[PDB]
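Peer 1: Below are the structure tokens for one structure; questions will follow.
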Amino acid sequence: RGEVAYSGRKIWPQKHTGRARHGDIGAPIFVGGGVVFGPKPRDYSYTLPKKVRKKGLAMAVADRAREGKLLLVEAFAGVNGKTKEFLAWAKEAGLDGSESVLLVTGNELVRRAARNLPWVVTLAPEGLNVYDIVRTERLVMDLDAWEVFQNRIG
Amino acid sequence: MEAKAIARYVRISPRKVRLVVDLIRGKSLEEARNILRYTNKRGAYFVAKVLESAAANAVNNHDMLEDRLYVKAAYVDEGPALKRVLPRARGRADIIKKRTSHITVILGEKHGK
Amino acid sequence: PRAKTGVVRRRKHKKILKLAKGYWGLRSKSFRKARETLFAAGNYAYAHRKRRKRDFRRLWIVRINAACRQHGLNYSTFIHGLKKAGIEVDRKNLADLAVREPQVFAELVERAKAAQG
Amino acid sequence: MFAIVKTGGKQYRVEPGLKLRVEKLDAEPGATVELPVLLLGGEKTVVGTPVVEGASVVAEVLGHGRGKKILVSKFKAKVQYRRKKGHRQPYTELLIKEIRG
Amino acid sequence: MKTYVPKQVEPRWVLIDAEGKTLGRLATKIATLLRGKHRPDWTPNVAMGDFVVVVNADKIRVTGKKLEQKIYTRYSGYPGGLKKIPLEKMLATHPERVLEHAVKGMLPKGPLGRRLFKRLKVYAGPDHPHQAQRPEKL
Amino acid sequence: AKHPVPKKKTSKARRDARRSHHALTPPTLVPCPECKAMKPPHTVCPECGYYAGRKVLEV
RNA sequence: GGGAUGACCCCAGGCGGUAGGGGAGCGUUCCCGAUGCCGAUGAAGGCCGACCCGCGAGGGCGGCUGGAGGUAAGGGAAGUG
RNA sequence: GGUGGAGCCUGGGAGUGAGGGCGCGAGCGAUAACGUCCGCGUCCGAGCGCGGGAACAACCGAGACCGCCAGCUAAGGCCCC
RNA sequence: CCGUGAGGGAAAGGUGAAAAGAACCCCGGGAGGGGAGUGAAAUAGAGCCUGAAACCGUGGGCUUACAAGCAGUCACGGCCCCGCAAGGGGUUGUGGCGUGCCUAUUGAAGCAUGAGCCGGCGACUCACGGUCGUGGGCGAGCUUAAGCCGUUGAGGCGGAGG
Ligand SMILES: [Mg+2]
Ligand SMILES: [Mg+2]
Ligand SMILES: [Mg+2]
Ligand SMILES: [Mg+2]
Ligand SMILES: [Mg+2]
Ligand SMILES: [Mg+2]
Ligand SMILES: [Mg+2]
Ligand SMILES: [Mg+2]
Ligand SMILES: [Mg+2]
Ligand SMILES: [Mg+2]
Ligand SMILES: [Mg+2]
Ligand SMILES: [Mg+2]
Ligand SMILES: [Mg+2]
Ligand SMILES: [Mg+2]
Ligand SMILES: [Mg+2]
Ligand SMILES: [Mg+2]
Ligand SMILES: [Mg+2]
Ligand SMILES: [Mg+2]
Ligand SMILES: [Mg+2]
Ligand SMILES: [Mg+2]
Ligand SMILES: [Mg+2]
Ligand SMILES: [Mg+2]
Ligand SMILES: [Mg+2]
Ligand SMILES: [Mg+2]
Ligand SMILES: [Mg+2]
Ligand SMILES: [Mg+2]
Ligand SMILES: [Mg+2]
Ligand SMILES: [Mg+2]
Ligand SMILES: [Mg+2]
Ligand SMILES: [Mg+2]
Ligand SMILES: [Mg+2]
Ligand SMILES: [Mg+2]
Ligand SMILES: [Mg+2]
Ligand SMILES: [Mg+2]
Ligand SMILES: [Mg+2]
Ligand SMILES: [Mg+2]
Ligand SMILES: [Mg+2]
Ligand SMILES: [Mg+2]
Ligand SMILES: [Mg+2]
Ligand SMILES: [Mg+2]
Ligand SMILES: [Mg+2]
Ligand SMILES: [Mg+2]
Ligand SMILES: [Mg+2]
Ligand SMILES: [Mg+2]
Ligand SMILES: [Mg+2]
Ligand SMILES: [Mg+2]
Ligand SMILES: [Mg+2]
Ligand SMILES: [Mg+2]
Ligand SMILES: [Mg+2]
Ligand SMILES: [Mg+2]
Ligand SMILES: [Mg+2]
Ligand SMILES: [Mg+2]
Ligand SMILES: [Mg+2]
Ligand SMILES: [Mg+2]
Ligand SMILES: [Mg+2]
Ligand SMILES: [Mg+2]
Ligand SMILES: [Mg+2]
Ligand SMILES: [Mg+2]
Ligand SMILES: [Mg+2]
Ligand SMILES: [Mg+2]
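Residue numbers (PDB author numbering), protein chains in the order written: chain BF, 54 to 207; chain BW, 1 to 113; chain BU, 2 to 118; chain BV, 1 to 101; chain BN, 1 to 138; chain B5, 2 to 60.
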């Protein structure tokens with residue numbers, strides 16, 4: 054009510070008018086009035102225990118591994134960013150879009166090639182986060198990315 | 001069959017015209033013509049005007065013969081009121097409503113072949 | 002996110018308005034008046050869904066009496082007879098016999114006055 | 001014939017081939033219940049005592065149903081006290097077979 | 001549940017001689033009769049009692065000093081418009097009124113009750129005008 | 002805005018019940034004896050002209 | 001107490017209620033779920049219903065209207081009745 | 001003796017700090033007040049839910065979970081209403 | 001628009017895919033309509049998407065001029081309407097029973113407060129601390145802040161400090 058473009062002038066005298074008691078057409082009341090406990094800008098971010106983040110990252114992977122739905126790689130025949138090519142190597146690897154795949158690798162060329170696939174979510178190894186591992190069905194890391202992962206688990 | 005008319009937004013209060021319209025409901029065209037011809041009300045004029053238009057329709061548009069005709073149905077609905085100021089004493093401004101009516105008359109035929 | 006009233010209030014209102022169909026004037030056209038009329042009805046029905054049981058304990062008794070009175074005894078006695086003749090069954094409801102089986106009834110009276118004579 | 005049986009706390013005037021619903025009997029449609037509980041007969045069997053110890057009426061359970069909903073509304077003025085509950089009395093509909101007396 | 005409903009039945013008439021009966025004691029019985037609570041067909045919401053012709057009204061018995069002491073009141077909406085008429089005067093004139101008033105104040109008060117009273121014919125007697133049968137009772 | 006004011010809003014029934022008498026009554030006419038026309042009794046209408054009775058136009 | 005943990009069974013008591021405390025739920029807006037799924041063989045909303053579910057807040061299904069959106073389970077926020 | 005929505009200990013959330021009628025024991029009063037102030041009790045408050053008392057918060061009866069066109073009672077009643 | 005002035009300060013968005021925005025004829029002074037015609041739709045016809053409620057009407061069904069009431073409810077009965085039936089829907093003639101809602105109070109139907117009715121707006125939040133409780137992680141320990149590097153809805157590092 055203190056931020057609307059209205060004047061703080063008392064609208065009508067306090068007594069003897071036959072009307073309700075009011076002040077400035079800027080208080081919660083009155084349509085054009087101000088809003089009571091409305092939203093204000095605010096930061097919804099909190100610091101989560103790093104140990105908890107670590108545990109979860111692993112847990113996320115482990116769990117994916119238990120279903121045998123994990124699959125790390127050494128390299129990619131179809132390298133040199135080009136979907137057609139990735140789609141190629143895809144067959145070979147057992148990926149056909151039946152399942153959504155989280156493909157994490159430090160090779161920008163590969164990254165570029167997958168990416169546009171509706172079923173592919175792509176990340177750089179140092180971007181491995183729990184949310185993504187879970188939103189996808191199958192997880193595909195290269196060995197150089199399985200390391201960064203290691204250098205982060207305890 | 002039947003022949004409709006309707007005069008929208010006439011500008012005479014409904015209550016006032018519902019009064020003359022009720023006079024002709026059910027009468028024959030010919031008989032209803034004489035009634036609002038000698039009915040001492042401002043309304044008559046309007047009603048007559050729409051009544052006569054429905055008659056002109058029943059013949060020309062759906063050929064029914066100016067004889068058999070009789071007001072099968074007729075009612076007047078309320079249209080948007082015209083709000084106007086009326087200066088009262090002591091500063092007071094009052095809102096007088098100049099009502100408006102949608103007069104409707106529907107005709108039909110009596111005997112047959 | 003803002004969560005305006007939207008459609009939730011019209012619905013709750015027209016719900017009550019339906020249970021009010023049939024009520025006089027505004028008690029069936031305005032949510033406030035209807036809402037109030039219902040509170041009362043809600044209560045009467047409950048209150049009455051009991052008097053009913055008594056309203057018939059009543060009826061039956063007025064009849065059983067009227068009927069066994071043409072046989073020479075009153076409701077008091079009759080019931081005492083029965084209750085005493087162990088035939089504690091009849092049940093005011095079923096002593097409607099007085100209307101359907103005037104003989105099966107009469108027999109029941111004899112048995113009643115007998116249990117006392 | 002015509003009899004007067006006692007079932008489910010109440011007591012009804014049954015007869016040959018008919019019946020309404022009585023309280024909820026823990027039997028099964030695929031069954032037959034006997035209301036040994038019986039008084040009076042068409043030819044006067046007035047249970048000189050509680051029951052007519054020997055007679056009885058036989059009824060086949062058509063099945064079980066759930067009564068029409070009744071609504072119990074409690075309201076207490078100037079106290080913001082309201083309560084709304086819905087009610088359905090379980091019933092077991094019978095079919096009278098014969099009165100063995 | 002069993003039905004009960006008697007359904008439209010022709011009403012029976014009844015002739016009574018009040019010769020030496022004391023009203024109030026007589027009146028009560030004409031009432032039960034008027035609403036027919038003496039028959040297993042009794043139904044609260046319907047006029048289904050007997051019709052009752054009372055003859056030999058007047059010459060009605062009353063105990064104590066009720067003559068001269070029993071007063072009938074009547075109020076016109078006007079000021080000082082309360083009239084007091086002792087029993088003797090009512091019998092002396094309008095004698096059937098004594099037995100009607102008595103009975104009337106013994107019937108339920110709504111529309112029905114008001115209608116059962118139309119079912120009660122009182123005469124200064126003897127002899128009446130109804131040859132529509134007439135079982136005499138005591 | 003002054004002294005006596007109505008205590009309650011008169012209900013729709015009560016309002017309409019009062020107008021039970023506002024119903025209009027048909028004009029009373031009769032056939033003119035000189036021409037085929039309806040007009041009020043004891044009055045000179047245009048149509049005919051009254052066996053001379055200072056009438057409108059006619060050739 | 002049964003305990004085959006069957007959260008369903010018999011046994012035993014209890015169940016008026018203001019200020020209040022406590023425990024369960026219904027619905028609204030929005031986010032993940034969504035490059036999904038419903039949708040012109042008709043979205044949302046509206047108007048009806050004597051049917052189905054629920055103790056209740058409601059949730060269904062059906063007819064009419066409407067004419068382009070809607071959004072499961074499972075969770076998350078809050079200008080939420 | 002007494003297994004009770006008894007008690008005791010620790011902690012979280014209270015609300016309440018205008019009470020009222022009746023009985024009994026005192027004061028005040030004028031042994032006047034639907035008065036006033038304490039004491040025990042009890043109801044109302046929050047049981048303006050039900051029966052009786054003509055009607056009627058607190059008098060007599062009695063503590064309403066829901067249903068029944070069954071039964072026995074309570075106070076109060078049983079000539080008609 | 002208001003006020004001399006400083007100054008106060010509104011309301012008001014939506015045809016349709018496309019104007020194809022209704023030639024022309026008929027009643028009328030016009031308005032407005034009825035036909036014709038456009039369109040998938042004209043109760044999309046122009047302050048025109050959808051178009052609720054209050055409110056005003058026309059037609060029909062039941063029902064009312066000896067009755068009396070917080071307007072309902074329980075029970076029968078009549079008439080009308082559904083379905084083969086059982087059963088159900090609408091209305092209400094008698095009978096029984098019945099002191100509005102909120103608020104405030106010891107106590108309200110109260111002749112104490114508030115409300116004409118309807119629709120829409122309308123009130124226990126957020127930040128940082130604190131204290132209990134609780135779901136987890138790690139536990140002789142736990143944890144980072146600013147900031148740095150990364151992403152561009154990816155997270156790491158950072159032990160000052162508590
Ligand atoms: Mg400004
Ligand atoms: Mg300001
Ligand atoms: Mg100031
Ligand atoms: Mg005022
Ligand atoms: Mg604003
Ligand atoms: Mg003036
Ligand atoms: Mg002036
Ligand atoms: Mg006005
Ligand atoms: Mg009884
Ligand atoms: Mg009894
Ligand atoms: Mg009350
Ligand atoms: Mg209170
Ligand atoms: Mg009306
Ligand atoms: Mg409780
Ligand atoms: Mg929004
Ligand atoms: Mg999405
Ligand atoms: Mg289609
Ligand atoms: Mg939406
Ligand atoms: Mg709010
Ligand atoms: Mg305790
Ligand atoms: Mg504590
Ligand atoms: Mg104090
Ligand atoms: Mg005090
Ligand atoms: Mg004090
Ligand atoms: Mg106390
Ligand atoms: Mg005190
Ligand atoms: Mg006390
Ligand atoms: Mg004293
Ligand atoms: Mg006192
Ligand atoms: Mg005293
Ligand atoms: Mg004090
Ligand atoms: Mg108490
Ligand atoms: Mg009490
Ligand atoms: Mg009271
Ligand atoms: Mg009492
Ligand atoms: Mg009482
Ligand atoms: Mg209890
Ligand atoms: Mg008894
Ligand atoms: Mg006793
Ligand atoms: Mg100026
Ligand atoms: Mg076309
Ligand atoms: Mg449209
Ligand atoms: Mg559109
Ligand atoms: Mg529109
Ligand atoms: Mg409307
Ligand atoms: Mg009508
Ligand atoms: Mg009279
Ligand atoms: Mg009449
Ligand atoms: Mg009634
Ligand atoms: Mg106050
Ligand atoms: Mg209080
Ligand atoms: Mg008043
Ligand atoms: Mg008041
Ligand atoms: Mg005050
Ligand atoms: Mg208030
Ligand atoms: Mg006022
Ligand atoms: Mg409102
Ligand atoms: Mg509103
Ligand atoms: Mg905090
Ligand atoms: Mg905290």
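Virtual Cβ for every residue (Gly too), placed ideally from N, Cα, C.
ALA116 (chain BU) and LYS93 (chain BU) - do their beta-carbons sit closer together than 9 Å?
Peer 2: Here residue 93 (chain BU) is taken as the residue at index 92 of the third sequence, counted from 1. Here residue 116 (chain BU) is taken as the residue at index 115 of the third sequence, counted from 1. Result no, Cβ atoms of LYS93 (chain BU) and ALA116 (chain BU) do not sit closer than 9 Å.
Peer 1: Which residues in the same chain have their Cβ closer than 7 Å to the Cβ of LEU25 (chain BV), if we skip the five residues on either side of it in sequence?
Peer 2: Position 25 of the fourth sequence, counting from 1, holds the residue named residue 25 (chain BV). Only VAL33, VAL61, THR92 meet the Cβ criterion.
Peer 1: If you measure from each residue's Cβ to the nearest non-hydrogen atom of ligand 12, which ones come out under 7 Å, in chain order?
Peer 2: Cβ atoms closer than 7 Å to ligand 12 belong to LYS78 (chain BV), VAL79 (chain BV).
Peer 1: I'd like to check one pair, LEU35 (chain BV) with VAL58 (chain BV): are the Cβ atoms closer than 9 Å?
Peer 2: The residue you call residue 58 (chain BV) lines up with position 58 of the fourth sequence. The residue you call residue 35 (chain BV) lines up with position 35 of the fourth sequence. Yes. Within cutoff.
Peer 1: Establish whether the CB of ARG13 (chain BV) and some CB of chain BU are separated by less than 9 Å.
Peer 2: Position 13 of the fourth sequence, counting from 1, holds the residue named residue 13 (chain BV). By this cut-off, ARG13 (chain BV) is an interface position.
Peer 1: Start and end of the beta strand (DSSP E) containing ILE96 (chain BV)?
Peer 2: Here residue 96 (chain BV) refers to the residue found at position 96 of the fourth sequence. Where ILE96 (chain BV) is concerned, the enclosing beta strand (DSSP E) stretches over 90-100.
Peer 1: So if DSSP puts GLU59 (chain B5) in a beta bridge, which residue, or which two residues, is it bridged to?
Peer 2: By one-based count along the sixth sequence, residue 59 (chain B5) stands at place 58. Paired residue(s): none; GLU59 (chain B5) is not in a bridge.
Peer 1: What first and last residue would you give for the alpha helix (DSSP H) that runs through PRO103 (chain BU)?
Peer 2: Within the third sequence, numbered from 1, the residue matching residue 103 (chain BU) stands at position 102. Looking at the DSSP string, the run of the alpha helix (DSSP H) that includes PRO103 (chain BU) is 103-115.
Peer 1: Nearest-angstrom Cα distance between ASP17 (chain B5) and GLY113 (chain BN)?
Peer 2: Looking up residue 17 (chain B5) in the sixth sequence gives position 16. Looking up residue 113 (chain BN) in the fifth sequence gives position 113. For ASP17 (chain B5) and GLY113 (chain BN), the distance between alpha carbons rounds to 34 Å.
Peer 1: Measuring CB atoms only, is the stretch 176-191 of chain BF touching the stretch 15-22 of chain BW, in the sense that at least three cross pairs come out at less than 8 Å?
Peer 2: They do not touch, by the three-pair rule.
Peer 1: Skipping 5 residues on each side, what residues in its chain have a beta carbon closer than 6 Å to that of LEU148 (chain BF)?
Peer 2: What you label residue 148 (chain BF) is simply residue 95 of the first sequence in a count that begins at 1. Around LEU148 (chain BF): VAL154.
Peer 1: Are there 16 or more other CB atoms within 10 angstroms of the CB of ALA89 (chain BW), so buried, or fewer, so exposed?
Peer 2: Here residue 89 (chain BW) refers to the residue found at position 89 when the second sequence is read from its first residue. The residue is exposed, with fewer than 16 neighbouring Cβ atoms inside 10 Å.
Peer 1: Identify the continuous alpha helix (DSSP H) that holds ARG11 (chain BU) and give its terminal residues.
Peer 2: Here residue 11 (chain BU) refers to the residue found at position 10 when the third sequence is read from its first residue. Counting along the chain, the alpha helix (DSSP H) containing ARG11 (chain BU) begins and ends at 9-20.
Peer 1: For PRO27 (chain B5), which residues in chain BW fall below 7 Å Cβ to Cβ?
Peer 2: Here residue 27 (chain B5) is taken as the residue at index 26 of the sixth sequence, counted from 1. Those within 7 Å of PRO27 (chain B5) in chain BW are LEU23, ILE35.
Peer 1: Would the stretch 33-40 of chain BN and the stretch 93-101 of chain BV be scored as touching if the rule is three or more Cβ pairs under 8 Å?
Peer 2: Touching, no, given that fewer than three Cβ pairs across the two stretches are closer than 8 Å.
Peer 1: In chain order, what residues of the same chain have a beta carbon less than 8 Å from the beta carbon of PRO28 (chain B5), not counting five sequence neighbours either side?
Peer 2: By one-based count along the sixth sequence, residue 28 (chain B5) stands at place 27. The residues are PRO41.
Peer 1: CA-CA distance, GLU30 (chain BW) and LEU69 (chain BW)?
Peer 2: Position 30 of the second sequence, counted from the first residue, corresponds to residue 30 (chain BW). Position 69 of the second sequence, counted from the first residue, corresponds to residue 69 (chain BW). C-alpha separation (whole angstroms): 8 Å.
Peer 1: Taking the continuous beta strand (DSSP E) assigned at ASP77 (chain BW), which residues delimit it?
Peer 2: The sequence position of residue 77 (chain BW) within the second sequence is 77, counting from 1. Looking at the DSSP string, the run of the beta strand (DSSP E) that includes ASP77 (chain BW) is 70-87.
Peer 1: Looking at the structure shown, is residue 142 (chain BN) part of a helix, part of a strand, or coil, going by DSSP?
Peer 2: In the structure displayed, chain BN extends from 1 to 138; residue 142 (chain BN) sits before or after that span and is not available.
Peer 1: With DSSP as the reference, label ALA124 (chain BN) as helix, strand or coil.
Peer 2: Numbered from its first residue, the fifth sequence carries residue 124 (chain BN) at position 124. If DSSP states are grouped into helix, strand and coil, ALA124 (chain BN) belongs with coil.
Peer 1: Going straight from the alpha carbon of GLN133 (chain BN) to that of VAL14 (chain BN), what length do you get?
Peer 2: In the fifth sequence, residue 133 (chain BN) corresponds to position 133, counting from 1. In the fifth sequence, residue 14 (chain BN) corresponds to position 14, counting from 1. The alpha-carbon atoms of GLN133 (chain BN) and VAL14 (chain BN) are separated by roughly 8 Å.
Peer 1: Measuring only from the beta carbon, is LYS40 (chain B5) closer than 8 Å to any heavy atom that is part of ligand 13?
Peer 2: As a working note, residue 40 (chain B5) is residue 39 in the sixth sequence. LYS40 (chain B5): no, Cβ never under 8 Å from ligand 13.
Peer 1: Would the beta-carbon of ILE80 (chain BU) be found less than 8 Å away from any heavy atom of ligand 38?
Peer 2: Stepping through the third sequence from its first residue, residue 80 (chain BU) is reached at position 79. Indeed, a heavy atom of ligand 38 lies less than 8 Å from the Cβ.
Peer 1: Are the beta-carbon atoms of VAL55 (chain BN) and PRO126 (chain BN) separated by less than 9 Å?
Peer 2: Working through the fifth sequence from its first residue, we reach residue 55 (chain BN) at position 55. Working through the fifth sequence from its first residue, we reach residue 126 (chain BN) at position 126. Contact: yes.
Peer 1: Given a cut-off of 9 Å on the beta-carbon distance, is the pair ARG84 (chain BW) and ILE12 (chain BW) in contact?
Peer 2: Here residue 84 (chain BW) refers to the residue found at position 84 of the second sequence. Here residue 12 (chain BW) refers to the residue found at position 12 of the second sequence. Going by C-beta atoms, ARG84 (chain BW) is not nearer than 9 Å to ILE12 (chain BW).
Peer 1: What are the residues in the stretch 16-50 of chain BN lying within 8 Å of chain BU by C-beta distance?
Peer 2: Those would be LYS37, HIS38, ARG39, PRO40, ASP41, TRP42, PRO44, in chain order.
Peer 1: Would you tell me roughly how many angstroms separate the C-alpha atoms of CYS46 (chain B5) and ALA56 (chain BW), rounded to the nearest one?
Peer 2: What you label residue 46 (chain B5) is simply residue 45 of the sixth sequence in a count that begins at 1. What you label residue 56 (chain BW) is simply residue 56 of the second sequence in a count that begins at 1. Going from the Cα of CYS46 (chain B5) to the Cα of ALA56 (chain BW) covers about 26 Å.
Peer 1: Determine whether the Cβ of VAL79 (chain BV) lies closer than 9 Å to any Cβ atom of chain BU.
Peer 2: Your numbering for residue 79 (chain BV) matches position 79 in the fourth sequence. Output row for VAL79 (chain BV): interface = no.
Peer 1: If contact means a Cβ-Cβ distance below 8 Å, which residues of the stretch 86-108 of chain BU contact chain BN?
Peer 2: So the close ones are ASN94, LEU95, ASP97, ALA99, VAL100.
Peer 1: Could you tell me whether any non-hydrogen atom of ligand 58 is closer than 8 Å to the CB of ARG119 (chain BF)?
Peer 2: Within the first sequence, numbered from 1, the residue matching residue 119 (chain BF) stands at position 66. Not under cutoff, so the answer is no.
Peer 1: Would you list the one or two residues that DSSP bridges to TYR72 (chain BN)?
Peer 2: Numbered from 1 along the fifth sequence, position 72 holds the residue referred to as residue 72 (chain BN). Partner(s): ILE85 (chain BN).
Peer 1: Kindly indicate which three-state DSSP category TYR81 (chain BV) falls into: helix, strand or coil?
Peer 2: For the purposes of this step, residue 81 (chain BV) is taken as the residue at position 81 of the fourth sequence. Strand.
Peer 1: Quick one: give me the first and last residue of the beta strand (DSSP E) that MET194 (chain BF) is part of.
Peer 2: Working through the first sequence from its first residue, we reach residue 194 (chain BF) at position 141. It spans 191-194 - the beta strand (DSSP E) in which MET194 (chain BF) sits, taken as one unbroken run.
Peer 1: Mind reading off the beta-carbon distance from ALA27 (chain BN) to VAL122 (chain BN)? Whole number of angstroms is fine, and I expect it under 8 Å.
Peer 2: Along the fifth sequence, one-based indexing puts residue 27 (chain BN) at 27. Along the fifth sequence, one-based indexing puts residue 122 (chain BN) at 122. Not a contact, Cβ separation roughly 11 Å.
Peer 1: Here's the rule I'm using: 16 or more other beta-carbon atoms within 10 Å means buried, otherwise exposed. How should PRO14 (chain BW) be labelled?
Peer 2: Stepping through the second sequence from its first residue, residue 14 (chain BW) is reached at position 14. Its Cβ being crowded by 16 or more others within 10 Å, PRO14 (chain BW) is buried.
Peer 1: Please identify, using Cβ separations under 9 Å, the residues of the stretch 1-21 of chain BW that lie next to chain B5, in order along the chain.
Peer 2: Cβ contacts with chain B5: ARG15, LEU19, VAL20.
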